[PDB]
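# Structural overview for review
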Amino acid sequence: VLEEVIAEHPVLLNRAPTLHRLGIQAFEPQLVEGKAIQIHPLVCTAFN
DNA sequence: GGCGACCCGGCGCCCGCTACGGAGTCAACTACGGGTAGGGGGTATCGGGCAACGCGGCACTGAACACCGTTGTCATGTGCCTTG
């Protein structure tokens, strides 16, 4: 049910310093095993 | 005697979040007096447990009439035979 419900629902990833407005960026969530957030390498450098 | 430095006070702040330890500490006293509060003791008041007894449909009570149906019944009318 969780896999069914999360889709098409944004979540705002945000890093602590949030120096500039790209510190908060919406994303499409996606269930994944493990316990660490998977993030796209391209958007990393915007978050520093 | 307002300028003047200087002096001093006095104040103002001092990136972000999660997540990440515990620790807890030194010097009066008694007497009274009330009042509240507790306890048990006893008492008026409210709440819980049962068969008749309210109902109603219908049903029986058929009893007592009613509704046709029937073969009871009668006094009174045709057809043949005997006599005018």
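So, how was this worked out
Residues numbered from 1 in each chain as written, not as in the entry; some residues may be left out. Chains lettered and ligands numbered in written order. Part of a larger assembly, values for the part shown. Heavy atoms only, no water. Helix = DSSP H or I, 4+ residues; strand = E, 2+ residues; numbered from the N terminus. Buried < 20%, exposed > 50% of the residue type's maximum accessible area, 1.4 Å probe, protein only. Contact = heavy atoms within 4.5 Å. Areas by Shrake-Rupley, 256 points an atom, 1.4 Å probe, with all protein chains shown as cover.

Method of structure determination, per the deposited record: cryo-EM was used for this entry, reaching 3.45 Å resolution.

The PDB entry lists chain A under the name DNA-directed RNA polymerase subunit beta', from Streptomyces coelicolor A3(2). Listed in the archive, the entry goes by the title "Cryo-EM structure of Streptomyces coelicolor RNAP-promoter open complex with three Zur dimers".

Right, let's get into the overall build of chain A. Secondary structure assignment for chain A yields two helices and two strands. Starting at the N terminus, the α and β elements of chain A follow one another as α-β-β-α. Its C-alpha atoms give chain A principal-axis dimensions of about 35 × 20 × 20 Å. Evaluated residue by residue, chain A yields a buried proportion of 10% over its 48 residues. Restricting to contacts in chain A with at least 6 residues of sequence separation, those with at least 24 account for 30%. When the accessible area of chain A is evaluated, it comes to approximately 4600 Å², of which 59% is carbon and sulfur surface.

For the rest of this paragraph, the subject is the environment of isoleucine 24. Here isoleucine 24 lies in strand β2 (residues 24-27). Residue classification places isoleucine 24 among the partly exposed positions, given a relative accessible area of 43%. It is 8.1 Å that separates the C-alpha atoms of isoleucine 24 and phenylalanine 47, two residues lying 23 residues apart in sequence. The contact partners of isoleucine 24, leaving out residues within four places of it in the chain, are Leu12, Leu13, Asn14, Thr18 and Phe47.

This part is about unusual backbone geometry. Backbone geometry at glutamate 8 places phi at a positive 60°, although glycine is not the residue there. Inspection of the secondary structure assignment puts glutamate 8 in the loop between α1 (2-6) and β1 (11-14). One non-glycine residue, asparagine 48, adopts positive backbone phi at about 55°. The topology assignment puts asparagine 48 in the segment after α2 (41-47).

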